[PDB]
Amino acid sequence: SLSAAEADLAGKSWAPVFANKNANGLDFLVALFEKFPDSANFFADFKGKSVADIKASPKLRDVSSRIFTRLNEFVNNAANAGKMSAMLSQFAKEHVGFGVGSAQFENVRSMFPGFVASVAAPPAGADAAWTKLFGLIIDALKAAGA
Ligand code: HEM
Ligand SMILES: [F-]
């Protein structure tokens, strides 16, 4: 987990992002797909489609909301090693099953701090907090076997 300090920093930068869950959520997905085109292929719903097709998809919202909803929960429990344990476990378990491995999470981690700053300048130490958080997730994935 994250320390109570680091978790607070993450939550602080996330608030402005989550404030507009629908819009920001859809934008995070689009930003990912734009920077890491291979990622789209993992989604049954978006395999083959272009970012334009995806933006116009009536399914986008369902996908980006389920991601932001889950993410919020991760931010909310980040400083609790206990909740993180089960959360990471279940998350990893679900994703590996769909063919997603840590490499796809290394990508998310890469672009995430940039995505948040596009909504509002994070406090100092917030970016390190996120990379740590995503580091926890990448580890879980490798343990799950991907
Ligand atoms: C940034 C963090 C992400 C969060 C918190 C997250 C969250 C989730 C959740 C909560 C589910 C199950 C939702 C449901 O249908 O009830 C799921 C499904 C899945 N996610 Fe992720 N996700 C993350 C990133 C990604 C990435 C990077 C990929 C592909 C690279 C992806 C691929 C999948 C796939 C393929 C499914 C299976 C259902 C489907 O095909 O839509 N996820 N995700
Ligand atoms: F997802």
Side-chain angles (χ1 to χ4, degrees), residues 1-2 6-120 122 125-146:
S1 53
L2 275 72
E6 302 170 317
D8 288 340
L9 293 177
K12 240 70 153 304
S13 65
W14 176 243
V17 180
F18 203 58
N20 290 299
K21 196 174 125 61
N22 292 170
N24 294 331
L26 266 49
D27 258 80
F28 163 69
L29 226 44
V30 162
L32 182 62
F33 293 165
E34 285 187 342
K35 311 180 136 288
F36 306 97
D38 56 286
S39 77
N41 274 347
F42 289 89
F43 290 86
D45 294 314
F46 306 141
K47 187 285 203 147
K49 306 192 174 304
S50 66
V51 170
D53 284 314
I54 291 157
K55 272 191 240 185
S57 176
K59 294 190 166 147
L60 180 66
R61 177 62 51 68
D62 266 22
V63 183
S64 84
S65 46
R66 85 175 188 196
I67 289 178
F68 262 36
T69 291
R70 180 66 61 86
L71 236 204
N72 184 56
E73 287 321 307
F74 271 113
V75 180
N76 276 354
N77 298 128
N80 183 330
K83 269 123 138 245
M84 281 306 269
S85 277
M87 253 194 123
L88 293 175
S89 273
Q90 168 81 4
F91 185 74
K93 250 181 235 150
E94 297 179 312
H95 280 82
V96 157
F98 300 135
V100 193
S102 58
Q104 284 64 61
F105 282 89
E106 280 248 347
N107 295 342
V108 172
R109 181 176 60 188
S110 287
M111 47 87 87
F112 203 82
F115 172 74
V116 175
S118 87
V119 171
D127 277 355
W130 286 111
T131 73
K132 201 175 188 223
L133 183 47
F134 278 113
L136 291 170
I137 283 178
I138 281 151
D139 286 342
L141 275 151
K142 300 226 205 141

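Basis for what follows: all heavy atoms, side chains included, without hydrogens, waters or symmetry-related copies. Note that the numbering runs from 1 along the sequence shown for the chain. All ligand and atom numbering here is 1-based and tracks the order in the structure.
Remark: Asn76 pairs with no residue by the side-chain hydrogen bond (donor to acceptor under 3.5 Å, both in side chains) rule, at least two apart or across chains.
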Acceptor/donor pairs from residues 11-26 side chains to any protein atom, 3.5 angstrom cut, sequence neighbours excluded:
from  : atom 1 : to     : atom 2 : distance (Å)
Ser13 : OG     : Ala10  : O      : 3.1
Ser13 : OG     : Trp130 : NE1    : 2.7
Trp14 : NE1    : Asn72  : OD1    : 3.0
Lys21 : NZ     : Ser65  : O      : 2.7
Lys21 : NZ     : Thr69  : OG1    : 2.9
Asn24 : ND2    : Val17  : O      : 3.0
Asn24 : ND2    : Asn20  : O      : 3.4

Which donor-acceptor pairs under 3.5 Å do the side chains of residues 27-47 make with protein atoms, sequence neighbours left out?
from  : atom 1 : to    : atom 2 : distance (Å)
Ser39 : OG     : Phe36 : O      : 2.7
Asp45 : OD1    : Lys59 : NZ     : 3.1

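Here the CZ atom belonging to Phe105 is positioned 13.0 Å from the OG atom belonging to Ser110, to the nearest 0.5 angstrom.
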Salt bridge (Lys or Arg N to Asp or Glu O under 4.0 Å) between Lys142 and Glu106: does it pass, once the steps are laid out? CA-CA 11 Å; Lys142 300 226 205 141; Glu106 280 248 347; 5.5 Å; no

Under 3.5 Å: N or O atoms of ligand 1 paired with protein N or O:
from     : atom 1 : to    : atom 2 : distance (Å)
ligand 1 : 20 (N) : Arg66 : NH2    : 3.0
ligand 1 : 20 (N) : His95 : NE2    : 3.0
ligand 1 : 22 (N) : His95 : NE2    : 3.2
ligand 1 : 41 (O) : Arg66 : NH1    : 2.8
ligand 1 : 41 (O) : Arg66 : NH2    : 2.8
ligand 1 : 42 (N) : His95 : NE2    : 2.9
ligand 1 : 43 (N) : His95 : NE2    : 3.1

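Between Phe74 and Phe134, the distance separating the two ring centers is not shorter than 6.0 angstrom.
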